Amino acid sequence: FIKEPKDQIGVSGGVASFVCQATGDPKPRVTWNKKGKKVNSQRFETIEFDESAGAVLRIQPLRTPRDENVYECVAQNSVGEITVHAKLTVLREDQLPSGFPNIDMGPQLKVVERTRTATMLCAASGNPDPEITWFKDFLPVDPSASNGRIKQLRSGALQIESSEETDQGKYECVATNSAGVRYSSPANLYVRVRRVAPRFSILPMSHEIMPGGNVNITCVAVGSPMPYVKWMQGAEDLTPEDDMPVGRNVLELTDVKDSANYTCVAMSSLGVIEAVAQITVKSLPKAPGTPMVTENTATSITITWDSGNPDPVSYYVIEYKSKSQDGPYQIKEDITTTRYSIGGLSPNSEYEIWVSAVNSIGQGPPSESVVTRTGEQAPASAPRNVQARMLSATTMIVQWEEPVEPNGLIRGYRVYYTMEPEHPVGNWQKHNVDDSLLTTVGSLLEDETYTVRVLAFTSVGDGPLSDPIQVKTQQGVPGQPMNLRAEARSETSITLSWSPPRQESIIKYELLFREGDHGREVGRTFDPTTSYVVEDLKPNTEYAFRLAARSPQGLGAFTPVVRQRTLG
């Protein structure tokens, strides 16, 4: 017997619970007997607990002298049988000592929600002060067995720290002392279970991160029952069920590279709901979208272009090339506007232009291109291989090749000529020509030497004059030699060279030269070639040469003075 029933002194019309528990091996089946055999009655009642191991005897309302007996608690297993006894005395109210316990305030009908605490009141008085006991659904309550959740207070009440459905019942408080026992009126405690389907306190939050790249997705969900929180990627779960948290569940992702979605799954017996946060890995930009030309100049193009991107963009990169002379690509980095002027171009050329955008991940693809042409300019160069001969004794035919650097559609040429070249060229005789590469002029004085110089022009303006060619109006004699070049062969030698003559049959060439400015004029005649090597000269000194051709009719015009020096 781990509990033994005490003798009780009770009140008429009151209650009297006798407690009797046993133990051992085998486990017993207890009983309650009066005078040997269990002569049962209406007002008496047994409430067996722990599978008939211990059992309370309850009597109510108490009557005197009917109920005043010694009662036997039987206890037996396969091996052993021992009784224990207890007496009941039952007094009327009018014959109670002054000190007999009295319930000043018993418990009240109480309602409370699960896990929240419940303080069941009981206040008594007597001499000596009575120790309080509680019965719930006719069974005594033991604060020890509750894990310190339930506890009796000196002041009187019984405290339930965390409510549970099981804590519901009729409650009776009982004031016990040397005089005897007194019960309170019963009072129910209800423990209501509010049914609330789940919702999210904090939703799972979408993010944009860099590649690797790490983010904690928090997800909080509340309700009643308080819902479990796990993570899913599509159809598969990620959090396990060994220690799956409730209410909260953070997902710490690390080293992310692919943009993936994630579902938080709030779940309980009442219902399931879900919310999806999408992690996105910031990507490269998109093509800025075809640029457009605003201005042009001889040397510049300037353009504007749409961002082409929903997110902002660190800067832009222009790439371009001359379509005219394919290649190479030119770059302009670190452009921080949607407007740019590409300068340092060459006039009258057309360029294909693209645009790319850069963000913190890198540089995106390029736009579609825009082809466009730079404006015109005056030519940077003169007509080439300018030539002249006589058709008659008084008219001259001149021709030339168009200049390598026209900077524009060539609108014509202009031809300056005279036989007093020491004047400025602007004073010379001059007239215009069309884009053709050849003209004539007459009204020339017979047996003379005219010098001729030619320039090209465009809508914009004049180019440079060619270098002076000159022609003698005597006919039959050959023309002035072409592009006479002189270059140093050795420390005592110079190699003269010139372009092959046109049609005219030259008998011999006539060469004249001298040392520096003030040296003796040497003369040499030789058979027709395009080059001649001058031998036996002085080291590191300068010589001046000029050349003319001879035909049967006579001596042609001389070149201008060409100068070159021997090695040194």
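In case it trips you up, residue 1 is the first one in the sequence shown, and so on.
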| property | result |
| --- | --- |
| Greater mean Cα temperature factor according to the PDB record, 508-516 or 29-37 | 29-37 |
| Selected stretch [higher average CA B-factor]: 541-549 or 16-24 | 16-24 |
| Residue with maximal Cα B-factor (values as given in the PDB entry) among 253, 118, 353, 174 | 253 |
| Maximum C-alpha temperature factor, selected from 310, 227, 347, 288 | 227 |
| Lowest, middle or highest third - CA B-factor, residue 404 | lowest |
| Ranked C-alpha temperature factor of residue 414 among modelled chain residues, by third | lowest |
| Residue 85 - Cα temperature factor, lowest/middle/highest third of chain | highest |
| Record-listed C-alpha B factor of residue 332: chain third | lowest |
| Third of the chain, ranked by Cα B-factor, where residue 261 sits | highest |
